[PDB]
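So you can see what is in the structure, the chains are spelled out below.
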Amino acid sequence: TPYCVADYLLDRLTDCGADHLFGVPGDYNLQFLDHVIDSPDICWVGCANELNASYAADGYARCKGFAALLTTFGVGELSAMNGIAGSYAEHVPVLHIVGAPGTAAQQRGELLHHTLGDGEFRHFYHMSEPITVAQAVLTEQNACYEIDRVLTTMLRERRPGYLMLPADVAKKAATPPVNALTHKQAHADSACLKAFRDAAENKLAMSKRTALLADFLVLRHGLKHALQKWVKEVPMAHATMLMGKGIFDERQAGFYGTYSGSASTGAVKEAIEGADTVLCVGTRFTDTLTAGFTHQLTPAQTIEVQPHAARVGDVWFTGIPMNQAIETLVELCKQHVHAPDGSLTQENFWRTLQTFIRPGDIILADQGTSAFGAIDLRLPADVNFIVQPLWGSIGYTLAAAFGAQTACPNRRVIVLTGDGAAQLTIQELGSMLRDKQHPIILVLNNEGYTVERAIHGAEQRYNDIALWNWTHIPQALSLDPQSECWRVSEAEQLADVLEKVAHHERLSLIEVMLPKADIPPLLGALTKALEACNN
Amino acid sequence: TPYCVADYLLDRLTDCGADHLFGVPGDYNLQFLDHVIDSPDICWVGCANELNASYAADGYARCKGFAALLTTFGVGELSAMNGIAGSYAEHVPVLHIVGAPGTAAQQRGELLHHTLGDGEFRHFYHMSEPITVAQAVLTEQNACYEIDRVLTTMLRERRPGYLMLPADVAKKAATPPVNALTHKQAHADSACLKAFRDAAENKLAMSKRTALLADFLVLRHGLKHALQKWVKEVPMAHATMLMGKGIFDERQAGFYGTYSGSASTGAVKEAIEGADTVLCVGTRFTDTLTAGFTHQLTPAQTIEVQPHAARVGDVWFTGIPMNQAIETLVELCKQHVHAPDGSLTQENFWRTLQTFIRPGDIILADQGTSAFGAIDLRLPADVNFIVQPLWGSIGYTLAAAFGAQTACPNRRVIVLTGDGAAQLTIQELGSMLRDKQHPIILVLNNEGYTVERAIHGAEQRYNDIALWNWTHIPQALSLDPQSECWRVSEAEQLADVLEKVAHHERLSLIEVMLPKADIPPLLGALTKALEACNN
Amino acid sequence: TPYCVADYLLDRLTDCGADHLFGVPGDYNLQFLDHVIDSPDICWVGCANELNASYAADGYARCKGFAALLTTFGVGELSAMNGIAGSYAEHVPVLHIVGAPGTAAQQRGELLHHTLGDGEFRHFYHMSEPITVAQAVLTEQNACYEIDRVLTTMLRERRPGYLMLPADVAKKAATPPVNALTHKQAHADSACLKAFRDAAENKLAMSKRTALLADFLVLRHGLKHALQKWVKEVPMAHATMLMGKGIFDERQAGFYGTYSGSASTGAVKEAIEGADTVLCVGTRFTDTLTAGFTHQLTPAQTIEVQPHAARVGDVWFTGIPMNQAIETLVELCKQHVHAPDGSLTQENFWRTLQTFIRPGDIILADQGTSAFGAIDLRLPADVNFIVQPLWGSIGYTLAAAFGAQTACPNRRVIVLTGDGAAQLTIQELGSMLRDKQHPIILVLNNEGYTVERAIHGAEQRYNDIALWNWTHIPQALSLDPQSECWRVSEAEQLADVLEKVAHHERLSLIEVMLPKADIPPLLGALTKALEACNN
Ligand SMILES: Cc1ncc(C[n+]2csc(CCOP(=O)(O)OP(=O)(O)O)c2C)c(N)n1
Ligand SMILES: Cc1ncc(C[n+]2csc(CCOP(=O)(O)OP(=O)(O)O)c2C)c(N)n1
Ligand SMILES: Cc1ncc(C[n+]2csc(CCOP(=O)(O)OP(=O)(O)O)c2C)c(N)n1
Ligand SMILES: [Mg+2]
Ligand SMILES: [Mg+2]
Ligand SMILES: [Mg+2]
């Protein structure tokens, strides 16, 4: 078992923060798989299909900051396309490793299985270029430094990477790295940082009131603590949008709720849009997050910081690391200080869930009523809120949850998913069972896609779905389900079963019966804007 | 004239070693052009067409290690494609800057001139991806760090880079860099270098005789001195192939001539192929350099070092910088010490030229009899030999020469070009005149493409060319040609004209009449192999 | 000499209307070249470089409706990129044939010359995809039907096509086609044509006055006669823009001059923009043709016909061939009837040229004062006016002229080119000489790029050019120039010389001395708009 490229790769995975590898075996990656099984630092996690695997890796990365996925040439990698795309869209560092035929076989252009039958082997590699920030075809001559390059680029941009690993290359000899792959992000040019500082100061110096608006990018770049500390030391109005929900303890002073354009509550709208200068940190104003771009923030009124550039008014200062810009803003901000029960409905359902969430929780909500209902949950401290509003691929959360549980075995995972969504990735529930995870899964059963009904064709057949018997799924995907299932239809029951599971001694699945047309407050707004675009 | 992106870019150009900018103006780059003219560090050099400009930049980069080209969107950039491609093929760091329409206009998808008329503005950018190692579309939010990224990647890989500079972005405010862009190439993993060292030692330790074979990559990575020093301290048989010709003083001990497979002389073939261990440094065995892949070197018999990886036998050690690998090899080597006149013809022409070349010369030879004749020149010290065997685009050398003169005003530039080749880039001779350069240009007039004739269809009309009156060209491309012209046909004539022009007090153009079918020794071999491929 | 793929290809070329093949030889296309030389239907035309060749083919196709270009892998094809792009931008059917290495050698991924040195052979093929409507890599199994498919697609869309011809494939056996490749463009769906007809009628039925505006697409689709006949039978105000100049006899009734937005004369602006319904046929409103999009034409006021779709008001009728739409419009229209100097200057130069042009002339004008001055020429009948306003690549017209002469040996070719422009493709003048063509070439010598000066930096060094001795160029690019040359500075001299060369018994080159800042009327407008975009 001499040390080889396969081992080098795994070592770099661990250096990056990954302790598991998701994926599904395939002819071309079996031998590589031996190495991951023999590795004492990487644990193999086989999934039901590669789409789920990619979702799982995404979830995992949202917990540990990095993840890896292993698929097989063609059939495996293409099945994961939507997953990687989502990771790229929401800045989630997922490494995609694809086992491929030997270099010699590829040169020969043979009619190998898992190919288009044309002797071409770079089709899928090129198809993956738009959804990765770095990729490479590993060869006997570039193996190690290419591996280090993509991984390094991944950590810098916080996005997916792609590595084609030909089976023979995996076996090639290599020597263990003396040093772990370093992150060490470069500092900003002092002069540029100064220019930014001066511009920011002049702006904040004349500001009557200042507000802070932060989103997902701060989560991706590990600046949560920086922001919590900031708002604690310098009290001010502060919020996040759906994507960044979870960076703040929403029970603290200065938090009036989650911001989402004109669809926000009057308090939030006032606290944020009302300030004469608002700091936008790691912010991305997508249509879903702003209720159709109805946010009232102007260039003059704002200061925004992005991963590698910051802006004050109309001027941009490129070449400034997000962390340094935030640091500068904190210093300046200290320099200008200023003074019931019954039948279940979306309404009472979210109200009940509110009294249930506890610190240290990991909550995932899928597209639809789940996500736009959960947006109103007032989160305690140390809770990881996982949602995917920009990419918005339904089915994601159930699989993502499996990934989160794998990353945090000792944290309570709450999965909020619609009945339509859960159908797309149901088989991963079988993986939760196999690995004996204890997540508390709530399926909002409203007999279909109510968000779609809300947008158009409420009574159209295409918004219906096969009606499943949810509570019986666990015993179908397992020979001995360490699970507990319930069908709830009354607020009381829901609250009842919630306390019975609040300590997750087993996988618990709760089928929550809800009205077909019942829609959360926010959702109505977003829904009316979407159909307005269709007309 | 506030400091802006345009200025930031130029400053980085100078940091990289460029003092000139080649190109041809265009609507979209005029404003940017102002900045280069006002810059005290960058000199603008307008050319006759973009193709020539790109060739000139390549030649310039082969002298100063870096160059920049400026063209206009669409019509300008595509005209330079072949040049950039050649730079990429032969590892020449040329930065291609293309002035483009404003970002707003591009978003609007307007029917602007220099477009395909479809509202798309990324076609040409994408078309340039295969021939650059890094590229970027500059925006108001990424300007500076993207500019530094491509330039940095260029210096690392020694290859072309591409920057699309929208006119409005050029005008955006920026702040001067406090520090010059650093190269600082990373060191190899001590463990990997060790493994390479041990493997190399075991191999060298049992070697009866060792030989050194170096090529162009050592020139590109600035290791010319390292190799000269090496061979001086550790005497051994050593050579280069056509591409790397010039790294060694071929008058020194251990040099028996240029290596080119079985087409080499018996002495060279024995000195190199005869050693039981041959060191291949920065080597690339192309068909033209090996006479149809007729080199007799085996894996076991060799040790090769590439830019980022080295090999001994069948084992590769990836992640080792070329300079460190050479350093290691030098240490280990010291541990194993082991003791004309008459009618002109290709024959007497090259013999004459041999007595003419002097140290400090810069010699350029185009594809055809020029290049395969010049390969036998025994070069003195400090001479820059410029040839392009891998890409092999005829016309290149005349324009490249202009670039070389621009970079080395005080060095004697000898241009060896065929009559067919000179026709493709003739107008750049007008630039030489305008800038009052004093090249000594020799046009081998054999009435056509004799190399092609040698390959196939010797008496075919397609190998003929319009017959020009070469000695009258200067007075056609200038109102006051600071030049001297000669039509030579006897070795004595050539001999005398060369003594006259020895100190290049003026541009001198020598039309050398040669036989239509006269071919140099080496060329016959290469020629027979090429047609063998056609059958 | 058994019939092979090479022969099949040539036969298809002739079927398409080509009698010549432009290009420059190369190792990989020599054997194919034998076939073209032996062909009694295709004449080989070797050029100075492949950029010029592609321009020549473009010009040729503008005369015969189809052309072919032959280059060599990598170095050849990339040099022609700008030409093919221009052809694609302006809808010129040029077939680009590139000779390539044998299929076996390509599969092997060898380090062949003219490659990037990575074993990849599809880079350039892919790079050419955005500028062609069809392309194919010829193989032993697809040769003939792929050849027919791209050619057919070319004829349909009137755009460039690409064929990679591996040397070995060219030698493969084939059988001569029984039938010539048919065009036979499909008819429109009767119901769709009816809907278009009814909509057009309702519009025309209430029109007080109707005007016709036609451009280059009618030229490309061979509908010149259809339009001339139209306007003759149904008298009405009619014009073309710069690109379509030449479709009409501008001396006839109803023609008030060339249309170009607000930069047009009051008469033209009134005749066209003044009608309540204007027919836009084969029209493309680019920025250069409309003086910065200053045309005053509204959707309700217009009816436009494109190659495969027509529009009336806001409704589009897709699936209607241009020729049928025109036919329908003609029928409906018939249903609604209604009631000297001394010192030379741009002014007196164009006035003089006006009295010189005669029916049957072929006039080419390059970008700059040439094109924007020639736009005011009142053209007689049967004159082919060649200009390239959309792509706008300078240097194009000199080479294109060579192509036009080749296609029309017995027509008088007038080349109007600036001194800046002619420098980029000057060597093709050598080809005109070699083939003994009798162009009458006028070089507007105003010491530089006056259009650029008019746009920005009038006194900037970057708008200057090497000053050439134009009248001495022919005797430099030929050993026996069958030509006459004159430097002209007075209007008297211009008229005189023009009378001497009227019957083009020889190549005649006229250097026309003009003021550095002298700009034509129209150009001032276009110039002010371009710099407005830079700010
Ligand atoms: C992969 C994928 N396919 C289709 C869609 C379109 N879509 C968005 S929401 C939705 C339905 C949501 O159904 P569900 O989970 O039932 O939500 P609820 O009725 O709870 O709102 C669909 C089909 C999507 N986002 N992703
Ligand atoms: C741009 C380009 N076009 C075509 C070729 C194919 N080619 C290789 S050598 C050659 C002719 C060389 O002519 P010349 O300079 O006359 O040389 P000689 O007769 O001295 O061998 C040609 C056309 C090429 N290398 N590059
Ligand atoms: C290949 C190419 N390079 C650069 C340009 C930008 N350009 C447009 S017009 C022009 C100068 C025109 O010079 P010239 O032929 O002298 O005309 P005049 O002075 O008659 O206007 C230039 C450089 C272009 N259109 N095409
Ligand atoms: Mg549902
Ligand atoms: Mg020659
Ligand atoms: Mg001019």
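**As for the domain arrangement of chain A**
All names here are of chain A.
Here comes step 1: With domains assigned, chain A is organised as domain 1 (1-184), domain 2 (185-340) and domain 3 (341-528).
Here comes step 2: In this structure, domain 1 and domain 2 have C-alpha centres spaced 36 Å apart.
Here comes step 3: Taken together, the contacts link ten residues of domain 1 with nine residues of domain 2.
Here comes step 4: Counting each side, the surface lost to burial between domain 1 and domain 2 is near 770 Å², with a carbon and sulfur contribution of 48%.
Here comes step 5: At the surface where domain 1 touches domain 2, the tally comes to zero salt bridges.

**Things to note about the coordination of the magnesium ion (ligand 5)**
All names here are of chain B.
Here comes step 1: Here the magnesium ion (ligand 5) is held by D419 (OD), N446 (OD1) and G448 (O), and the distances to it run 2.2 to 2.4 Å.
Here comes step 2: One chain supplies every donor to the magnesium ion (ligand 5), and in sequence these donors are spaced D-x26-N-x1-G. Of the two residues, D419 is situated in helix 18 (residues 419-425) and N446 in the loop between strand 16 (440-445) and helix 20 (450-455); the sequence distance between them amounts to 27 residues.
Here comes step 3: Residue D419 is classed as buried on the basis of its relative accessible area of 2%.
Here comes step 4: The class of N446 is buried, set by a relative accessible area of 3%.

**Observations regarding the coordination of the magnesium ion (ligand 4)**
Residues and elements named next belong to chain A.
Here comes step 1: Here the magnesium ion (ligand 4) is held by the protein donor atoms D419 (OD), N446 (OD1) and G448 (O), which lie 2.3 to 2.5 Å from it.
Here comes step 2: Mapped onto the polypeptide sequence, the residues donating to the magnesium ion (ligand 4) form the spacing pattern D-x26-N-x1-G. Each member of the pair, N446 together with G448, is buried.

**A look at the interface of chain A and chain C**
Here comes step 1: Contact with chain A, which involves five residues of that partner, is made by five residues of chain C.
Here comes step 2: With both chains or domains summed, chain A and chain C bury close to 300 Å², and 13% of this area falls on carbon and sulfur atoms.
Here comes step 3: The largest share of the area that chain A buries against chain C comes from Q107, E120 and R122 of chain A, three residues that together contribute 83% of it.
Here comes step 4: At the boundary of chain A and chain C, one finds two salt bridges.

**A short note on the site of ligand 1**
Residue and element names in this part refer to chain A.
Here comes step 1: Surveying the vicinity of ligand 1 reveals 16 residues, the closest of which are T369, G392, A421, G448 and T450.
Here comes step 2: In the environment of ligand 1, a nitrogen atom lies 3.3 Å from a nitrogen or oxygen atom belonging to the backbone of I394.
Here comes step 3: With respect to ligand 1, the backbone of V451 contributes an N or O atom lying 3.4 Å from an oxygen atom.
Here comes step 4: If ligand 1 stood free it would expose 610 Å²; the protein chains cover 77% of that surface.
Here comes step 5: Listed by contribution, the elements that provide at least two residues to the shell around ligand 1 are helix 18 (419-425) and helix 20 (450-455).
Here comes step 6: Considering every element that reaches the shell around ligand 1, the biggest residue donor is helix 18, with four residues.
Here comes step 7: Per-class residue counts for the shell around ligand 1 are five nonpolar, nine polar and two charged.

**Digging into the side chain of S39 of chain A**
Here comes step 1: Within the secondary structure layout, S39 of chain A lies in the loop between helix 2 (30-38) and strand 2 (43-46).
Here comes step 2: At 3.1 Å, the side chain of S39 of chain A and the backbone nitrogen of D41 of chain A are in polar contact.

**Concerning the UniProt feature "binding site: Mg(2+)" in chain A**
All names here are of chain A.
Here comes step 1: Per the UniProt record, the feature "binding site: Mg(2+)" sits at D419 and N446. Spatial clustering of the annotated residues is evident: they stretch over 28 residues in sequence, but the largest pairwise C-alpha distance comes to 7.3 Å.
Here comes step 2: In this view, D419 contacts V443, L444, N445, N446, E447, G448, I465 and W470; residues no more than four positions away in its chain are not counted.
Here comes step 3: Among residues more than four places away in sequence, those in contact with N446 are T369, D419, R453, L514, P515 and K516.

**Topic: the nonpolar core**
Here comes step 1: Grouped together as the largest cluster of nonpolar side chains are 313 residues, with contacts concentrated most on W230 of chain B together with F196 and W230 of chain C.
Here comes step 2: Not counting residues within four places of it along the chain, the set of residues in contact with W230 of chain B comprises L212, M236, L279, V281, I326, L329, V330 and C333 of chain B.
Here comes step 3: Formed by 87 residues, the second largest nonpolar core is a distinct cluster that contains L212, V234, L289 and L442 of chain A.

**Things to note about the relation of the copies chain C and chain B**
Here comes step 1: Here chain C sits on chain B after a turn of 180° about the axis and a move of 0.0 Å along it, with an RMSD of 0.1 Å. Such a turn and shift between the copies fits a two-fold axis. Considering only C-alpha atoms, the residue of chain C closest to the rotation axis is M127 of chain C, which sits at 2.5 Å.

**Regarding the sheet that holds strand 7 (residues 210-214) of chain C**
Each strand in a sheet pairs with its neighbour through backbone hydrogen bonds, running either in the same direction (parallel) or in the opposite one (antiparallel).
All names here are of chain C.
Here comes step 1: Read across the open sheet, the six strands follow the order 8-7-9-10-11-12; overall the sheet is mixed. The two strands at the open ends of the sheet, each matched to only one other strand, are strand 8 (237-240) and strand 12 (315-318). Here the average twist between neighbouring strands, direction ignored, is 15°.
Here comes step 2: In terms of strand pairing, strand 11 (residues 309-312) meets strand 12 through four bridges, oriented antiparallel. In the sheet register, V312 faces strand 12, and the bridge partner there is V315.

**Focus on the side chain of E273 of chain A**
Here comes step 1: On the secondary structure map, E273 of chain A appears in helix 13 (residues 266-273).
Here comes step 2: Within the local environment of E273 of chain A, its side chain forms a polar contact with the side chain of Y259 of chain A, the two groups lying 2.6 Å apart.

**Here's the deal with the interface of chain C and chain B**
Here comes step 1: Chain C puts 80 residues into the contact, and the matching count from chain B is 80 residues.
Here comes step 2: Between chain C and chain B, roughly 6,800 Å² of surface is buried when both sides are summed, and carbon and sulfur atoms account for 60% of that area.
Here comes step 3: The largest contributions to the chain C side of the interface with chain B come from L116, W391 and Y462 of chain C, which together make up 10% of the buried area.
Here comes step 4: In this assembly, chain C and chain B are joined by zero salt bridges.
Here comes step 5: Applying the counting criterion to the chain C and chain B interface returns 36 residue pairs in polar contact.

**Focus on the pattern of salt bridges**
Here comes step 1: Inspection of every chain in the model, using the stated rule, returns 59 salt bridges over all chains.
Here comes step 2: Ionic pairing is found between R62 of chain B and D58 of chain B, a salt bridge with its closest N-O pair at 2.9 Å. Placement of both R62 of chain B and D58 of chain B in helix 3 (residues 50-64) is noted, with a separation of four residues, approximately one turn of the helix. Exposure class is identical for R62 of chain B and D58 of chain B. Each is buried.
Here comes step 3: Through salt bridges with shared partners, a single ionic network connects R12, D15 and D148 of chain A.

**As for the relation of the copies chain A and chain C**
Here comes step 1: Superposing chain A onto chain C takes a rotation of 180° combined with a translation of 0.0 Å along the rotation axis, leaving an RMSD of 0.1 Å.
Here comes step 2: When the interface residues of chain A are mapped onto chain C, 100% of them are again interface residues, pointing to one common binding face.

Definitions and cut-offs
Residues numbered from 1 in each chain as written, not as in the entry; some residues may be left out. Chains lettered and ligands numbered in written order. Part of a larger assembly, values for the part shown. Heavy atoms only, no water. Domains from an automatic or database assignment. Contact = heavy atoms within 4.5 Å. Buried area = accessible area lost by both parts, 1.4 Å probe. Salt bridge = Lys/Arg side-chain N within 4 Å of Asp/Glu carboxyl O. Donors = N, O, S within 2.8 Å, 3.2 Å for Na, K, Ca; no water. Helix = DSSP H or I, 4+ residues; strand = E, 2+ residues; numbered from the N terminus. Buried < 20%, exposed > 50% of the residue type's maximum accessible area, 1.4 Å probe, protein only. Near = heavy atom within 4 Å. Polar contact = N/O pair within 3.5 Å; in protein donor to acceptor, adjacent residues only side chain to side chain. Areas by Shrake-Rupley, 256 points an atom, 1.4 Å probe, with all protein chains shown as cover. Nonpolar A, V, L, I, M, F, W, Y, C, P; charged D, E, K, R; others polar. UniProt positions renumbered as here; feature names shortened; annotations may be inferred. Core = buried A, V, L, I, M, F, W, Y, C linked by side-chain atoms within 4.5 Å. Least-squares fit on C-alpha atoms. Pairing = 2+ DSSP bridges. Axes fitted to C-alpha atoms, helices over the stretch in contact; angles between N-to-C directions.

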